[PDB]
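# Structural characterization, general
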Amino acid sequence: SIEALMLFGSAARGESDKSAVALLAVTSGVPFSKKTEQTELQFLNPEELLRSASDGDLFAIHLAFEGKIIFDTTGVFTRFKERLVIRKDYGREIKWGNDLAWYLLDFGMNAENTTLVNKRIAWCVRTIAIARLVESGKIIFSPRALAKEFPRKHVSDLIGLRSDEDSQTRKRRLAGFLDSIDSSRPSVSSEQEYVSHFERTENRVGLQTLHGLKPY
Amino acid sequence: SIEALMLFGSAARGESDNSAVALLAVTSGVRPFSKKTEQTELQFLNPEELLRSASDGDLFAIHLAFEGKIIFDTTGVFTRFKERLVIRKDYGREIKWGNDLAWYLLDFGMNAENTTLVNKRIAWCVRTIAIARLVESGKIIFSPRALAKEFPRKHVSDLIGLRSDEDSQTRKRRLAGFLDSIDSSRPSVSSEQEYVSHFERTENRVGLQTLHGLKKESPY
Amino acid sequence: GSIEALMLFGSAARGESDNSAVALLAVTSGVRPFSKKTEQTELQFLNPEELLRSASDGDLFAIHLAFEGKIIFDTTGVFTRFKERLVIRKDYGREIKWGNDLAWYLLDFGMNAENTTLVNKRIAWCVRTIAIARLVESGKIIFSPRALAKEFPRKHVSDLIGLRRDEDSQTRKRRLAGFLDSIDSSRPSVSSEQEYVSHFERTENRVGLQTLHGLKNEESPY
Amino acid sequence: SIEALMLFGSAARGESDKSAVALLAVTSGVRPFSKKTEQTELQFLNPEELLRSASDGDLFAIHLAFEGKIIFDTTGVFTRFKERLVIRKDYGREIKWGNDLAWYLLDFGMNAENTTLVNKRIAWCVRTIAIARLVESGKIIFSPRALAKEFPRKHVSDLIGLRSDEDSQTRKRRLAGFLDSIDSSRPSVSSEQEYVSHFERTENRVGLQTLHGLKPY
């Protein structure tokens, strides 16, 4: 009862660096994912997949724009694309990525799990860049393209294109990026105030990341 | 030579209905042309023209990006094409072209001898308006079946060829009801000659071609 | 090592739905052959040397990959080198004897095992293997169980490959013996269970050894 | 109505050079025909003829089954096609067709004005012989690059287009060297009209089309 299968992410674009071969299996009933060192198999049911198109999620836009359908026995990917509404305002997603970037600058740069911190920083930077580009009417997901289409300080370094520095250097790059996009910290200081801010603004990835410390 | 090849149109969506199998060959240097049989359309573009259609945000380029099935691409030209796409907020230029031609056909085309071309061009006008309005609202709809559902205006289904042999009286009132249901206004013209010069001033190529086709743009 | 190439195979590559699992072959340098499964997906890994070796050996799995696999991507050309290495043999007697010999062990010691679904699965593997190998010897490229039953219409093949049902242990053993009779099969010169083990070892019947020890690097359906 | 579509030939192998982009369209009721531009070939067959080529074990059907990329298939006809394939043990008929046409081209065709067509037909003869011999040995090779390695007879890589603006006597010496190296024998013919009747009696369809046009996958 896997009714449809799609290649997405870097392999869909024909990229090979970094990345991770990503496949989306559409199956009724059951949203988990099983991954190895270089593979990732995501499962979604049709209601969830269509909901992400209805909501205009950046991930849905990527699937519609770059996903390669391997098979589809039910037409669920046709219905997915017919439900897609690309929004004109991604300010909510942009603010989520801005706010989490400040959290990581303020509290994450000496964390034990450096790999997770670097990956979430990359997510913040990609999210801001993709969403800003969607607002201007362009559909860019490739990290190489993002650095050229969203020219801001250290974008290439931060989304992993250029990655084994020390804490001071990583923090300065992230601060230079945030200054370059004229970003300002939310009205918080402590980690606990970041938690409350993430809750009020319903920043799910911020909350997942903050507690986790305790790409396509 | 042929750098890349893409299935587009109805066969790219798995539709076999009026089912023209359409393939886009990207070939360096060559002018844009097409070789077509009863059931196939093989269209040739060079990379510069393909990328320009993306830069321009052409409806056809949006279709290729969101529905085209890449068969092969030896140069990455379809990646560069998608990175050049700029979807506009305002498709009023295309909408007015289809609107303006629709009024021409209403006024002068419904008694024309070439009934087939008239009905084909009416369907182009309606599909163009429907697709453009849906793109303005953030959607990626191109299937004629979906256009009728997603752009639920008067007589859309009949006017884009979803059955097909109605007389001249009936076809004219359907077109009139559609234009009314989208709050369309006839351009400031009356005679056929005034349409010609209006079509020329507004650079309505399809309008001029159609008008100068009824005397003496295929769906994707 | 990185994933050079990815191929859809098995029932999903044939457009056949069910139960069946979606099977995918990932080619990656360095790693030993291993699989990663869910209820409905099977992800197999091979390095290029092992993939090319199966082509050079004319393995039935390699023939299936070459004639039915759907390449999802291939950044190194490894699947072309694979196809250029395939040598389809005239004689699959060795594969046929493997399926024959495991069938006789199952007939003799497996029909009352508690793990009945594994026994039925391995019976189906024996029949499919014999059918596929005989058809390849005659120049055909058949792997779909539906088509196997029509192209290799020996006794009870449809039922023994799972194209129906479940019934009692008696009828199952009767069906299996009748299929072995219809292909003029003779039991190998063994009697006890350890004699089957030694015979599987001498003949290098990897699936026979895996099955026998499994009833008290596995074969994957395609 | 086109019920299925398949990419074949060099493009299906991800091979470029110049070799056209080739697509096979399956549509019912029509007789076989093709539409060609300089760089595309669009071949039309009905299901019955496609299935028949598989039952006959034609080299073209082997290539479609082994290397063709299905673009769409609304009826399952490519499945029934592959179930009908019987790969033969003996490709002597096809080998003799390629040998015989090679002798015609050597003895009568090298002087045709349409040198481009002659070189293409020579390459067809050499590829057909090599492919058929390899299939007899259980190998499924269609790529010209690989045919030259796996069937290394005299001048093979030259003759299948991997080297070509050579004059007529040079190309002629190469073809003669190839035929001698595979111990080929001229048919017992001594004129164009005798070649026509020989091609007819041996049912050498490509031979007859070549001769008449003078006088891929």
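Rules used throughout
Residues numbered from 1 in each chain as written, not as in the entry; some residues may be left out. Chains lettered and ligands numbered in written order. Heavy atoms only, no water. Helix = DSSP H or I, 4+ residues; strand = E, 2+ residues; numbered from the N terminus. Buried < 20%, exposed > 50% of the residue type's maximum accessible area, 1.4 Å probe, protein only. Areas by Shrake-Rupley, 256 points an atom, 1.4 Å probe, with all protein chains shown as cover. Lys, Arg positive; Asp, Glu negative; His and termini not counted. Charge placed at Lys NZ, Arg CZ, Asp CG, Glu CD. Contact = heavy atoms within 4.5 Å. Buried area = accessible area lost by both parts, 1.4 Å probe. Salt bridge = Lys/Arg side-chain N within 4 Å of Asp/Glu carboxyl O. Polar contact = N/O pair within 3.5 Å; in protein donor to acceptor, adjacent residues only side chain to side chain. Nonpolar A, V, L, I, M, F, W, Y, C, P; charged D, E, K, R; others polar.

For this deposited structure, the header cites X-ray crystallography as the method used and 1.99 Å as the resolution.

## Quick notes on the overall build of chain A
Helix and strand counts for chain A come out as 11 helices and 5 strands. Counting all 216 residues of chain A, 52% fall into the buried class. Split by element, the accessible area of chain A, about 10,200 Å² in all, is 45% carbon and sulfur. A gap of 3 Å separates the mean positions of the 31 positive and 29 negative side-chain charges of chain A.

## Remarks on the interface of chain B and chain D
Between chain B and chain D, the contact holds 18 residues from the first and 17 residues from the second. A buried area of about 1,400 Å², summed over both sides, lies between chain B and chain D, and 82% of it is on carbon and sulfur atoms. Between the two partners, chain B and chain D, sit 0 salt bridges. At the boundary of chain B and chain D, one finds 0 residue pairs in polar contact. Classifying every residue of the side of chain B that touches chain D by side-chain character gives 10 nonpolar, 7 polar and 1 charged.

## Comments concerning the environment of C:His64
With respect to the secondary-structure elements, C:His64 resides in helix 3 (residues 60–68). Apart from the residues within four sequence positions on either side, C:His64 is in contact with C:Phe9, C:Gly10, C:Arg14, C:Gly69, C:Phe143 and C:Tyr222.

## Quick word on the environment of B:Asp90
All names here are of chain B. With respect to the helices and strands, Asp 90 occurs in the loop between helix 4 (77–84) and helix 5 (92–109). A sequence separation of 42 residues divides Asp 90 from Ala 132, and the C-alpha atoms of the two residues are 8.6 Å apart. Within the structure, the side chain of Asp 90 is placed 2.8 Å from the backbone nitrogen of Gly 92, a separation counted as a polar contact.

## Notes on the pattern of salt bridges
Inspection of the entire model under this criterion finds 48 salt bridges over all chains. Its salt-bridge partner being A:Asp157, residue A:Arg173 comes within 2.9 Å of it at the nearest N-O pair. The partly exposed category is assigned to A:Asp157, whose relative accessible area is 22%. Within this structure, C:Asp159, C:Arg164, C:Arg165, C:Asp166, C:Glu167 and C:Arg175 form a network of salt bridges that share partners.

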